[PDB]
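Participant: Position one of the sequence shown corresponds to residue 15 (the deposited numbering), numbered consecutively onward.
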Amino acid sequence: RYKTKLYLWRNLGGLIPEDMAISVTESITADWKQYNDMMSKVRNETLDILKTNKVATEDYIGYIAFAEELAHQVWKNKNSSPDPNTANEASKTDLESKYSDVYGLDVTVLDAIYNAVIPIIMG
Ligand SMILES: CCCCCCCCO[C@@H]1O[C@H](CO)[C@@H](O)[C@H](O)[C@H]1O
C-alpha cells in the first residue's frame with residue numbers, strides 16, 4: 015500500500031545545478047573560440063604563403079578554398095582515423111590533384127600551404 019506512491023520517486027523531474035549547466039555552455043564557448051583561432055591561423059598563414067609567392071589576386075579564392083578543404087579533411091583524419099598521418103598524405107594527393115586539374119593552381123604553392131595547415135590542425 016505505502017509502496018504505491020514510492021514508485022513516483024524513480025522518474026521524478028527536477029532542477030538542474032547551475033554549475034553543471036554552466037559547464038555545458040563553457041565547453042560550447044571553448045568550441046567556437048578554438049574553431050575561430052584555428053581558422054584565423056589557417057587563413058593568415060595561407061595569406062603569407064600567397065604574398066611570398068606573388069600569387070595573382072584572382073587566384074586567392076582558389077588557394078584559400080584549398081587550405082580550408084585541406085584543414086577540414088585533416089580535422090576528420092585526426093578524429094575518425096586510427097592513423098591520421100597516412101590519411102593526411104592521401105588527402106594532400108587528392109586535393110592537390112583536384113585543385114591543379116580543376117583550378118590550375120600551382121602545386122609547389124599548395125605544398126607550402128599543406129606544411130602550414132598540418133601543424134595548425136594536428137597541434
Ligand atoms: C549530480 C547531480 C545531482 C544534483 C541534483 C541537485 C541539484 C539541484 O539543486 C539545486 O540547484 C539549484 C540551481 O543551482 C539551486 O537553486 C539550489 O539551491 C540547489 O539545491
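We treat Cβ as the ideally placed atom computed from N, Cα and C, and that holds for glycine.
Looking at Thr-60: is its Cβ nearer than 9 Å to the Cβ of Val-131?
Facilitator: yes
Participant: Please confirm if the stretch 111–126 is in contact with the stretch 75–83, defined as three or more CB-CB distances below 8 Å between the two stretches.
Facilitator: yes
Participant: For a test of your reading of the model: does the CB of residue 206 fall under 8 Å from any non-hydrogen atom of ligand 1? Yes or no.
Facilitator: Summary: the structure shown does not reach residue 206, with the chain confined to residues 15 through 137, and so no result is reported for it.
Participant: Does DSSP put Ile-75 in a helix, in a strand, or in coil?
Facilitator: helix
Participant: For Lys-106, which residues in the same chain have their Cβ closer than 6 Å to its Cβ, ignoring the five residues on either side in sequence?
Facilitator: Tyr-128
Participant: Give me the Cα-Cα distance between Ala-126 and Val-38, rounded to the nearest whole angstrom.
Facilitator: 38 Å
Participant: Would the beta-carbon of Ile-63 fall within 9 Å of that of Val-121?
Facilitator: no
Participant: What separation, rounded to the nearest whole angstrom, lies between the Cα atoms of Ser-54 and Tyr-113?
Facilitator: 22 Å
Participant: For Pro-31, name the three-state secondary structure that DSSP assigns.
Facilitator: The answer is coil: DSSP assigns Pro-31 none of H, G, I, E or B.
Participant: To the nearest angstrom, how far is it from the Cα of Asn-91 to the Cα of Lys-68?
Facilitator: 31 Å
Participant: Quick one: is the Cβ of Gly-28 within less than 8 Å of any heavy atom of ligand 1?
Facilitator: yes
Participant: What is the rounded straight-line gap between the Cα of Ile-135 and the Cα of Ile-30?
Facilitator: 35 Å
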